[PDB]
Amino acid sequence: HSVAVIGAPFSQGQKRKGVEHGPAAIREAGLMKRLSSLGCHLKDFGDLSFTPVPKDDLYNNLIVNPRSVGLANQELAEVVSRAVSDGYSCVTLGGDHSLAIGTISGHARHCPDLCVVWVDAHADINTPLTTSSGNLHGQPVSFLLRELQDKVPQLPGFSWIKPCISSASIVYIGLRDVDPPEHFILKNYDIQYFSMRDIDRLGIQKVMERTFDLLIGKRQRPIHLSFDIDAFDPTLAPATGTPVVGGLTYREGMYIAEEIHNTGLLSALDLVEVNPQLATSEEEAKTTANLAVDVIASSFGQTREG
């Protein structure tokens, strides 16, 4: 079992400084030793340096850094594609969530029937025509879903992307801050999600059971787990740019990761939005990074029973 680790210090999908230091923070929290201990053979690609784009002006006076985000993702997709082609399960450390455009695109090149489990407080499914922030980290799913493409304009730097997956191939877990146009999109395209309210009702065991029935109930598929640290309650993961009260507990997050491992199908994992500079103390930053490491290790087989 081989795992590739790619640092992707994306910050230009959003406006808050510091998220580019997430990969270093997660490595410093002992990621590689934890993975080695489980028996993973590792290839560390280090932290990538992405090519900047000069004069990357706003698109439509709103969308920030489109060419930079587009090119960084094109470059990242090439690395992810190569790693998956070489037989590695691919762990990408962020960095802001716009990097999922690149990781999912790269992953889908060799694994076109992948499915996506998107664990997040947010749906990240605004389009360039619905976003009220202009921040691409709150739009990445819109660029990836085939059914949405007539509603998504062509951004500069984005021409290389071709939507990778169907709306029936993504399931959200943890949602508790969704913009009204995103709610419209989720309902209109029948995209399945388990919000925090659904977890309150069903419990995390049934949520995972139903997630897998929707995605792999009738056929095996490589799983892409895109995990935004802000899915966790801010008491547990304070070092992040968009915290929302009332999130996953520690135990719920471990359970999600355990079930992902138990499928035997995990093929790529993103761990995004750790921003150590937003912690009010070193302890806050380190606990957030420690939590990120626990998620990744659990996703690759660390158990709570020995």
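Note that the rigid core is defined as the largest set of C-alphas that superpose within 1.5 Å between two forms. One-based numbering along the sequence shown.
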- Could you tell me which of the two stretches, 252-260 or 58-66, has its Cα atoms lying farther from the shown structure in 8 other deposited structures of this protein after fitting on the rigid core? 58-66
- Could you settle it for me: does 211-219 or 143-151 have the higher average Cα B factor in the PDB entry? 143-151
- Message: Using only C-alpha atoms and the B-factors in the entry, which stretch averages higher, 254-262 or 45-53?
- Response: 45-53
- Quick one: which of 126, 135, 188, 169 has the biggest Cα B-factor according to the entry? 188
- Item | 118, 194, 158, 232, ranked by C-alpha B-factor: the highest one | 158
- By the record's CA B-factor, is residue 94 among the lowest, middle or highest third of residues in the chain? lowest
- Query: Can you tell me which third, lowest, middle or highest, the CA B-factor of residue 238 falls into for its chain?
  - Reply: middle
- Item | Chain third (lowest, middle, highest) by recorded CA B-factor, residue given as residue 180 | highest
- Chain-relative C-alpha B factor for residue 267 (record values, thirds): the lowest
- Note on the structure: Chain thirds by Cα B factor, record data; residue 18 belongs to the middle
